[PDB]
Structure formats: structure tokens, C-alpha cells
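Chains as they are written, first to last, in our numbering: chain A, 168 to 232; chain B, 38 to 97; chain C, 318 to 616; chain D, 38 to 140.
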């Protein structure tokens with residue numbers, strides 16, 4: 168996630184945050200995808216992370232199961 | 038990882054345009070289980086790998 | 318109120334549990350049935366006339382009946398308790414010997430079949446174990462799970478029924494019509510088992526049973542049993558002659574041969590019944606049968 | 038008796054896999070019903086409880102064969118056809134005995 172790499176950038180500057188413009192941007196594209204397995208089509212599972220699944224239910228599951 | 042199922046197979050083209058319309062990006066991974074022919078899935082190849090300029094790009 | 322467990326069975330498990338009000342010991346035979354399915358037959362009426370009509374007919378050679386209750390799934394039978402049967406006398410246990418006591422077995426068996434044939438009832442379930450014995454030694458039958466009310470005409474019915482060891486020759490070929498000879502065939506088979514204490518007809522299916530019966534008794538010819546090639550389901554075997562019945566059995570008198578030959582007749586229209594069998598020269602001699610007190614009982 | 042305990046153990050393991058599969062469905066249903074950013078730590082601990090459940094199952098099992106039985110084990114369908122019994126017994130040496138026919 169982008170929240171983990173942000174803490175490493177703040178420690179490199181040594182008592183100083185990277186402005187603050189690019190801090191709120193770290194919430195756009197996430198890690199999502201599809202996997203083909205025994206289901207002979209698609210099995211929806213990506214990575215062990217958790218922010219990559221929360222922001223998706225309000226688009227595809229809301230219009231079709 | 039929370040796995041799902043299949044929605045009548047045909048429903049697939051409409052999902053590729055609704056995810057990219059907002060902001061997240063999709064990335065269909067690997068693995069498969071349909072249309073097989075070359076015997077199995079391990080064929081024949083020597084395990085002695087060479088050329089470090091290709092192994093580093095392979096693991097990446 | 319469960320008391321003790323006995324054994325299993327063909328399609329009903331025998332349970333020795335004391336019923337209510339009536340202090341008599343009841344041997345409940347629970348029939349495995351269904352109830353989970355929607356449009357399911359559930360209870361089979363093959364024993365409906367047994368636990369509803371036996372209360373009216375009273376006979377000492379016929380098993381008794383008290384009440385009946387159930388609900389499709391578990392149909393608990395209410396029948397009187399019996400001590401031992403007949404298979405334990407021959408099979409496995411060979412210590413119990415009956416010196417000249419077989420006459421009392423066939424005398425009380427023909428009287429039970431004669432009372433059922435008078436009321437137009439056939440016991441289409443003969444096998445070497447239904448002859449249940451009580452404490453007093455009264456020979457009674459088991460259950461009527463395959464009874465039927467017949468009449469003068471004989472039409473087509475079920476096939477491939479009855480225990481394969483005791484099968485009539487006309488039933489193995491799949492004949493549509495039958496008669497009194499169905500219940501009169503196993504009468505001599507049970508008598509043939511108590512003599513040599515060995516299975517007289519150790520056969521398998523309908524094809525193997527035809528080989529054992531024909532190689533010992535013979536093949537029905539035209540003069541013996543007519544109307545044989547007209548049946549569709551027919552097989553051609555060897556010209557089996559006929560082994561005599563007075564040399565196979567060791568302990569067998571002259572009067573005993575006059576009844577065994579009449580029971581193993583291949584002609585159902587000419588086969589002896591129950592009234593003519595009790596009036597033979599075997600059941601009217603000096604060696605009288607025992608009432609039931611001197612008859613030994615298994616351990 | 039050994040084969041009966043092995044077939045029964047497959048149903049016990051199959052039921053736990055179905056509950057674990059249905060557990061991920063309940064987490065996705067309530068993932069956004071009452072979550073407006075602060076509720077996100079429960080999803081991270083959801084796989085941790087699913088990973089430890091699989092570790093406690095792969096060890097106490099002698100690798101059961103891949104079968105397709107029913108974990109609930111109910112009135113399974115056979116054939117419901119008048120198939121009778123054996124293939125006409127078919128003798129060869131000494132005959133034995135075959136159970137009678139029922140309705």
C-alpha cells in the first residue's frame with residue numbers, strides 16, 4: 168500500500184514532511200485483478216492486502232452479482 | 038483473500054469498463070484450466086538456467 | 318420402552334421391547350421406510366392386511382396380533398413374542414436332535430396353510446425360518462409381509478419373489494398364472510431339510526436354482542406337467558430323468574415317501590393340497606406325534 | 038472399519054472448508070454496510086484467522102484423497118431404477134445365497 172512507503176519518505180527527509188500535495192493523492196489506483204482457475208472463467212482474489220478490496224463494492228457488485 | 042464465483046460467464050466485458058471508469062485499475066493474473074493439448078503443464082526443459090541478463094528480468 | 322435387542326432381518330429389524338398396558342412381551346419389527354421425500358409412498362400396504370385383519374381370524378397354528386400404530390416413517394409392529402425358530406435347529410447348532418419329532422412339524426404346518434386357503438389367503442413368503450416356536454412348542458408362522466387375497470381365476474402378478482432356496486418350478490420360469498402349488502412346494506422342502514439336516518436345494522439365482530431342482534427331481538415332460546413350451550420365458554436344458562426319494566434320506570419310513578412325492582409334483586393342477594395331505598397314511602399310524610411338551614428347545 | 042473412518046473424516050474436513058468459504062462471504066457482505074474508513078482493521082485480521090484455521094487442519098490429516106462426496110451426508114440419490122440385484126448370480130463352483138426381492 169501507498170501508506171507504507173510514505174513513512175519511509177518522511178524518515179529520509181529528517182524532521183520534515185514532503186509538502187503535503189502528494190500525500191492526499193496516495194489513494195487512487197490500487198492492486199486488483201482476476202485469476203483463472205478451476206472455475207473455468209475467473210476467480211476474484213488478488214493480494215493479502217485489505218485496502219485493495221474495500222473501494223470496489225460501490226461499482227460492480229451494486230449493478231450485478 | 039476472499040474469493041468469488043462466476044456470473045454466467047458471459048458477463049465480463051461490462052466489468053472491464055466500470056472499474057477503469059472510476060479510478061482503480063485491474064490486472065488479470067496467471068493460471069488457467071481450459072483448452073489443454075501439449076501433454077501436461079511442465080513439458081521438457083533443462084533446469085540449468087544461464088544468462089544473468091534474462092534471469093533478472095524474469096524474476097522482475 | 319426399549320428392553321433388549323435381538324437381530325435384523327430382510328426388511329424389518331426385530332426389537333424385543335415391552336409394550337404398554339398389555340403385559341405380554343412384544344417383538345417389534347420396525348420396517349425401514351421413508352418420510353423425508355415429498356411425494357413418497359412411505360408405508361407399503363403389503364403388510365396392511367396383516368396388522369388389521371389378523372385380529373378377526375383366530376387359529377392356533379397362525380401367529381397372533383394385538384394392536385397396530387405408526388406414521389409412515391416408523392411403523393412399529395405389535396406381535397406376540399416367540400422363543401426360537403427353525404433355522405437354529407439345522408444351521409450352525411447341531412446338538413439339538415429331534416428323534417422322530419418331525420411328524421409334529423408337518424402336522425401343525427399344513428393346518429395353518431389350510432385355514433388361510435379357506436379364507437382365500439396365500440402365504441407367498443416361505444423360507445426355512447418363519448416356523449416360529451414358543452415356550453409351549455406351538456408351531457406358528459412369522460409375518461404376512463407378502464399375503465394376497467386371491468380367487469378362482471389366476472392372472473399375472475409379481476415375479477422373482479420368495480426366497481431363492483425354496484422356489485416352485487413354475488415360478489422360476491416366470492409363469493403368469495399359478496395356484497395352490499406355490500405354497501405346497503416348500504412344504505416338502507422344509508420336510509427334506511429336517512431329515513438330512515442339510516440344505517436340500519443349495520441354489521443361487523433363478524438360473525442356478527433350475528439346475529439343482531432338475532438334476533434331483535427331474536424335468537417336467539409332456540405326460541407329467543403339460544403346457545411348458547408355450548411360455549415365452551423358457552430355457553432348454555438337459556433331459557433330466559429323476560432321482561428316487563427313498564434312497565437320499567436315511568431315516569425315512571415307507572409312509573413318509575407317500576407324502577414327499579406328492580408335494581414335489583411339477584403339475585400344480587395335480588399337486589396335493591392340505592386337505593388330502595392330512596388324510597394320507599403318514600398322519601394315521603402308530604408313532605403318534607408329540608403335543609409339544611417333549612419337544613426340545615435350543616439353548 | 039478403517040476405510041469407514043477415512044470416508045467419514047473427509048466429510049468432517051469438507052464441512053470445515055465450506056464454513057471457511059462461507060466466512061469470506063459474510064465478511065464481504067458487511068465490508069461496506071457499516072464502514073466509512075476507520076473500519077478497515079477487521080479485514081486485515083480476517084485472513085489471519087483463516088490462515089491459522091488451515092494450519093490446524095492440514096497437520097491432523099493423512100492426506101485424504103480428492104473425492105466429491107457430501108459433507109452433510111443425507112438421502113443421496115442412487116438410481117431409483119428397477120435394477121434388481123446382482124448380474125443373475127452366475128454360479129461357478131458352490132452356490133451360496135442371495136437375499137430375496139422386495140417392493
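We put the beta carbon where it would ideally sit given N, CA and C, even for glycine.
Pair every Cβ in the segment 529-540 of chain C with every Cβ in the segment 554-569 of chain C, then say whether three or more of these pairs are closer than 8 Å.
yes
Element boundaries [alpha helix (DSSP H), containing residue 418 (chain C)]
No alpha helix (DSSP H) holds residue 418 (chain C); DSSP gives it neither H nor E.
If you measure from the beta carbon of residue 39 (chain B) to each beta carbon in chain D, is any gap under 9 Å?
Output row for residue 39 (chain B): interface = yes.
Taking 6 Å as the limit between beta carbons, can you name the residues of its chain near residue 98 (chain D), skipping five residues before and five after?
none
Hey, residue 363 (chain C) and residue 346 (chain C) are a contact pair by Cβ (cut 8 Å); roughly how many whole angstroms apart?
13 Å between Cβ atoms; not a contact.
Neighbour list for residue 71 (chain B) in chain A, Cβ cutoff strictly below 7 Å:
207
Give the DSSP-derived three-state secondary structure of residue 193 (chain A) in the structure shown.
coil
Mind checking which residues open and close the alpha helix (DSSP H) that includes residue 439 (chain C)?
Careful: residue 439 (chain C) lies outside any alpha helix (DSSP H), inside the beta strand (DSSP E) at 438-440.
Please list the terminal residues of the continuous alpha helix (DSSP H) segment that includes residue 170 (chain A).
169-179
Going along the chain, which residues of the segment 47-68 of chain B sit with their C-beta nearer than 9 Å to a C-beta in chain A?
48, 49, 51, 52, 55, 56, 58, 59, 60, 61, 62, 63, 64, 65, 66, 67, 68
Chain B contact for residue 169 (chain A) (CB, 9 Å cutoff):
no
Can you tell me whether residue 82 (chain D) is buried or exposed? The criterion is at least 16 other CB atoms within 10 Å of its CB, across all chains shown.
With fewer than 16 other Cβ atoms within 10 Å, it is exposed.
Can you list the beta strand (DSSP E) stretches of 3 or more residues lying completely in the segment 343-424 of chain C, in chain order?
Taking 3 residues as the shortest admissible run, the segment 343-424 of chain C contains no complete beta strand (DSSP E) segment at all.
Looking only at its chain, what residues have a beta carbon closer than 7 Å to the beta carbon of residue 425 (chain C), apart from the 5 residues adjacent to it on each side?
378, 456
Would the C-beta of residue 70 (chain D) count as close to the ligand SAM, meaning under 8 Å from any of its heavy atoms?
Only the bare structure without any ligand can be found here, which leaves the ligand SAM out of the picture.
Entirely within the segment 469-508 of chain C and at least 4 residues each: give me those alpha helix (DSSP H) ranges in chain order.
486-489
C-alpha distance - residue 407 (chain C) paired with residue 521 (chain C), whole-angstrom precision:
20 Å
Excluding sequence positions up to five away, which residues of its chain have a Cβ less than 8 Å from the Cβ of residue 519 (chain C)?
The residues are 482, 529.
If the criterion is Cβ atoms closer than 9 Å, does the pair residue 112 (chain D) and residue 353 (chain C) meet it?
Yes, they are a contact pair.
Sort out for me which residues DSSP pairs residue 450 (chain C) with in a bridge.
C:401, C:456
Just tell me which of B:97, B:92, B:52, B:87 has its CA closest to the CA of residue 65 (chain B).
B:52
Straight-line CA distance for residue 374 (chain C) to residue 348 (chain C)?
24 Å
State yes or no: is the beta carbon of residue 97 (chain B) nearer than 9 Å to at least one beta carbon in chain A?
no
Comparing the C-beta of residue 354 (chain C) with each C-beta of chain D, is any distance below 9 Å?
yes
The beta strand (DSSP E) spanning residue 90 (chain B) covers which residue range?
First-last for residue 90 (chain B): 89-96, but that is the alpha helix (DSSP H), not the beta strand (DSSP E).
Those residues which DSSP pairs with residue 44 (chain D) across a bridge
Answer is none; residue 44 (chain D) lacks a bridge partner.
Three-state class that DSSP yields for residue 321 (chain C) in the structure shown
strand
Going by beta-carbon coordinates alone, are residue 571 (chain C) and residue 597 (chain C) separated by less than 9 Å?
no
Classify residue 432 (chain C) as helix, strand or coil using the three-state DSSP reduction.
helix
Inter-residue CB distance, residue 615 (chain C) and residue 410 (chain C) (contact presumed, cutoff 8 Å)
6 Å
Give me the Cβ distance between residue 464 (chain C) and residue 439 (chain C), rounded to the nearest whole Å; I'm assuming they're in contact under 8 Å.
7 Å
Check whether the Cβ atoms of residue 542 (chain C) and residue 486 (chain C) lie closer than 9 Å to each other.
yes
Express the C-alpha separation of residue 510 (chain C) and residue 412 (chain C) in angstroms, rounding to a whole number.
16 Å
Closest to residue 479 (chain C) by C-alpha separation, out of C:393, C:449, C:441, C:452, would be which residue?
C:441
How about residue 105 (chain D): is its C-beta nearer than 9 Å to some C-beta of chain A?
no
Under a CB-based cut-off of 9 Å, is residue 65 (chain D) close to chain B?
Residue 65 (chain D) counts as touching chain B.
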